[PDB]
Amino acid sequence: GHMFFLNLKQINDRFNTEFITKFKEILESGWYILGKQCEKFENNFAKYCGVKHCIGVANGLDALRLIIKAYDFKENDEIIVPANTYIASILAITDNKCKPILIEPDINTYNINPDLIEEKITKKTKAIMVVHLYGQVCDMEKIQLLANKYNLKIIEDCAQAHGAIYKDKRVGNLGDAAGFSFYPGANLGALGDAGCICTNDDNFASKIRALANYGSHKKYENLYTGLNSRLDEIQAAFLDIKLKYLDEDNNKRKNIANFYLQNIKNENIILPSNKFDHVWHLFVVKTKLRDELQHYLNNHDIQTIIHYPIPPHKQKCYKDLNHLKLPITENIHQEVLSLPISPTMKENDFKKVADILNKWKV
């Protein structure tokens, strides 16, 4: 009777018979890499997102690295990016020897404040990486206009936001290219590492396929210096099984999130009231007594994880960014904690979380 932050066994148990059937199918095929399962999943995910092309790759960090690589930007080219995202977003930029330009989020969305972007555009700016953090779509309209004004690419980091909708389009189809994680804890999660890239652009999709296959378009030839970043047939099959339920799963997460938003009332806690569509990958509360809170919940047998306690600019791997004054970002990092949420989470369990938080006197 410890309540786990995210019980993947529970989430995945509904599909066990299907997983096994597809695994046996793959065994029958004797094809485990770049086969029918990958094609099939790609086609179905591209349809889900409303895009022309989907390329399965190895994980969500590789998805962003590849996208950036394929644009073939110059050394020290600038990519604008929220300061409060998960570090992988920044790793993708610096791996490619681009310079990240870190922008404060809006305190009431946790996503990049669009009104703070233009002042930081320079003649070296080549792209804006938006991140739909925690499951909430970014307010894209201003960002798309800005990108057009200054001839910049929009790269969406969709790792946290599978299926969210801005006005008339899905996340994934709000920019020039989109990277997804299908890490097992994602809203659409694999049974292993996995990711993809989405795009409408024919040439970019062909370049990405090559770049993810050693740089080889054609057996024996390497047009580019590429890398090995592929989505295994088995993970593709698992993903495709689960994709048929993703809209349903997300709406169920919405139901749970709305219960929390409506039932948790504590002067010590700021709830993540959404300003745009939110698929609630993470249900993030904010409190001045965050470490006290995590211990309190642990004492009542409720497991929590912080997303996140150290922001990228303050990591030891980025000592050249440590000086940056980003107080909204820093404050968020000091105050946030994520509460358990999943599409299969039991009523007793979410009822318990709300009740226990309401009783909390700090």
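Residues carry their position along the shown sequence, with the first being 1.
- Of the two stretches examined, 275 to 283 and 260 to 268, the record assigns the greater average C-alpha temperature factor to 260 to 268.
- When the C-alpha B-factors of 158 to 166 and 73 to 81 are averaged, 73 to 81 comes out higher.
- Note on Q37, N299, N59, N44: the highest value goes to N299, judged by CA B factor as recorded.
- Ranking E292, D193, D201, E104 by Cα temperature factor from the entry places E292 first.
- In this PDB entry, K149 carries a Cα temperature factor that places it within the highest third of its chain's modelled residues.
- Among the modelled residues of the chain, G50 sits in the lowest third by CA temperature factor in this PDB entry.
- When the modelled residues of the chain are ordered by C-alpha B-factor, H132 sits in the lowest third.
- Ranked within its chain, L321 lands in the highest third, by CA B factor from the PDB record.
- For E119, the recorded CA temperature factor ranks within the middle third of the chain's modelled residues.
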